[PDB]
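Peer 1: Here it is, the structure, as structure tokens.
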Amino acid sequence: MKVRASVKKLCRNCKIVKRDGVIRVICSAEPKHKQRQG
Amino acid sequence: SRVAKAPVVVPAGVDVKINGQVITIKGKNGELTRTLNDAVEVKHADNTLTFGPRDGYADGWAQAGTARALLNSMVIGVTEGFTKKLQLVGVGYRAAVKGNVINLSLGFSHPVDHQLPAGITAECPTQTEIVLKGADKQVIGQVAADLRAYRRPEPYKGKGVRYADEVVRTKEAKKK
Amino acid sequence: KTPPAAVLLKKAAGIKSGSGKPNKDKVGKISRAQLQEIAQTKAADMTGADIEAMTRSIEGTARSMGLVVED
RNA sequence: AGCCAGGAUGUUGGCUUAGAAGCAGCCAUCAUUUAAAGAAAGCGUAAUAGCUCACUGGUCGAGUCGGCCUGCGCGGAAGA
């Protein structure tokens, strides 16, 4: 798990959210699906 | 936001009074309440309401729908309240909450013994369910969620308090 | 009793599967006479005695199997 | 967008293992009822249940959306 500059693939259960202008990857069923950059 | 224009329709036991600044609320479950309209513009036609911006400001929707969502909860809060089930199913768990005090057996060094903020009342008529009484949707949720931080459910056993809906994503140990 | 038209076609055609590996495995061909032995499997559920009609469902079954209607 | 009824049928298409339960190889990609639902994308477990497309339809009802360029900011960003 890292902040990972590129967002490129998701699942339909992954919400994705924008905070302080930056995108974050987040999913209720997949604790590995975490990114903090974009 | 079409919901900010949706009528709300004030229910029984509630009374609303309106001005060009500040909205005034009375209700049989709440207390005399006023809200300042420092960023929003609100109208009330005897039993039905509408919200918007007081000057544009780009797109106009930034605060008015939030101020409306708050009002559309408040007019229920001040007459009948919100759902009041916070439940236990784990072994050796016991509810003993009373008045402003949270007493709870959850597998820790102390029975919580927490004193709560203002505007909130707690009871447990059964040892398996906590019942929260209040007219504010924010405090009734925030106290149950701040209580969620006391022994957070563990990744492979998932035991703790639930809001009458099971959500914990509890793991299974490696395969096998 | 008699089996379904599909396996009764595999008993008449040079097929061993399935069409298999192209240009290595085979399907053969079946004649109008060889079709009309299989069409008898319809002669008590179809109300008309027309042999052409009861063979149309076999020619359709042959396409559903890649089987060749060739003399 | 939300709320909500239907995601059906020929059919266990056929070969096959282990169940096949849409979610397993390879072969057939056609048909029907209708206002309307693919020989259906996908997840889910060893299997299930569950989640979830597709298409039509019920209610409010006026505007709404996804890319491809361009001026300018946003983060990307760690050193004595």
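Note: ideal-geometry Cβ built from the backbone for every residue, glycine included; neighbour counts use all protein chains shown. All of the numbers you see were taken from the coordinates with simple rules; none came from a lab.
Peer 1: Only one of B:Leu104, B:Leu132, B:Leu116 is closer than 17 Å to B:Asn29 by Cα and surrounded by 15 or more Cβ atoms within 10 Å (Cβ to Cβ). Can you tell me which?
Peer 2: Step by step, each of B:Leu104, B:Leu132, B:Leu116 is checked, and only B:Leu132 is closer than 17 Å to B:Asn29 by Cα and surrounded by 15 or more Cβ atoms within 10 Å (Cβ to Cβ).
Peer 1: Then there is this: Counting just the residues of the range B:63-84 that are farther than 16 Å from B:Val42 by Cα and among the aliphatic types (A, V, I, L, M), which one comes out surrounded by the fewest Cβ atoms within 10 Å (Cβ to Cβ)?
Peer 2: The selected residue is B:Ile76.
Peer 1: Name the single residue, out of those in the range C:1-44 being β-branched (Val, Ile, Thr) and either more than 13 Å from C:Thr61 (Cα to Cα) or part of a helix (DSSP H, G or I) (or both), that is nearest to RNA strand D (Cβ to nearest atom).
Peer 2: Going through the qualifying residues, I end up with C:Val7.
Peer 1: Just one of B:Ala173, B:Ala149, B:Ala145, B:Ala164 is among the hydrophobic types (A, V, I, L, M, F, W, C) and touching a residue at least 60 places away in the same chain (Cβ under 8 Å); which is it?
Peer 2: After applying the criteria, what remains is B:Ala164.
Peer 1: Kindly indicate the residue of the range A:11-38 that is surrounded by 14 or more Cβ atoms within 10 Å (Cβ to Cβ) and outside any strand (DSSP E or B) and also farthest from the other protein chains (Cβ to nearest Cβ) among those meeting that condition.
Peer 2: The selected residue is A:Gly38.
Peer 1: For the range A:11-38, which residues satisfy the criterion of being within 11 Å of RNA strand D (Cβ to nearest atom) and among the hydrophobic types (A, V, I, L, M, F, W, C)?
Peer 2: A:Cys11, A:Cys14, A:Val22, A:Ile23, A:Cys27, A:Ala29 - these are the residues of the range A:11-38 that are within 11 Å of RNA strand D (Cβ to nearest atom) and among the hydrophobic types (A, V, I, L, M, F, W, C).
Peer 1: Checking the structure you have, find out if any residue of the range B:142-150 is over 22 Å from B:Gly30 (Cα atoms), in contact with a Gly (Cβ under 7 Å, 6 or more places away or on another chain) and not in a helix (DSSP H, G or I).
Peer 2: No.
Per-residue answers, yes or no, for (1) aromatic (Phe, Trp, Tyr); (2) more than 14 Å from every other protein chain (Cβ to nearest Cβ); (3) more than 21 Å from B:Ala118 (Cβ to Cβ); (4) more than 16 Å from RNA strand D (Cβ to nearest atom):
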{"site": "B:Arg2", "(1), (2), (3), (4)": "no, yes, yes, no"}
{"site": "B:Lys5", "(1), (2), (3), (4)": "no, yes, yes, no"}
{"site": "B:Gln21", "(1), (2), (3), (4)": "no, yes, yes, yes"}
{"site": "B:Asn29", "(1), (2), (3), (4)": "no, yes, no, yes"}
{"site": "B:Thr50", "(1), (2), (3), (4)": "no, yes, yes, no"}
{"site": "B:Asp55", "(1), (2), (3), (4)": "no, yes, yes, yes"}
{"site": "B:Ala62", "(1), (2), (3), (4)": "no, yes, yes, no"}
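Peer 1: Ok, one more. Just the residues that are part of a helix (DSSP H, G or I) and either surrounded by fewer than 16 Cβ atoms within 10 Å (Cβ to Cβ) or within 12 Å of RNA strand D (Cβ to nearest atom) (or both), please, taken from the range C:45-56. Talk me through it step by step, then tell me what you get.
Peer 2: Keep residues of the range C:45-56 that are part of a helix (DSSP H, G or I), which gives C:51-56.
Correct list: C:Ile51, C:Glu52, C:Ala53, C:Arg56.
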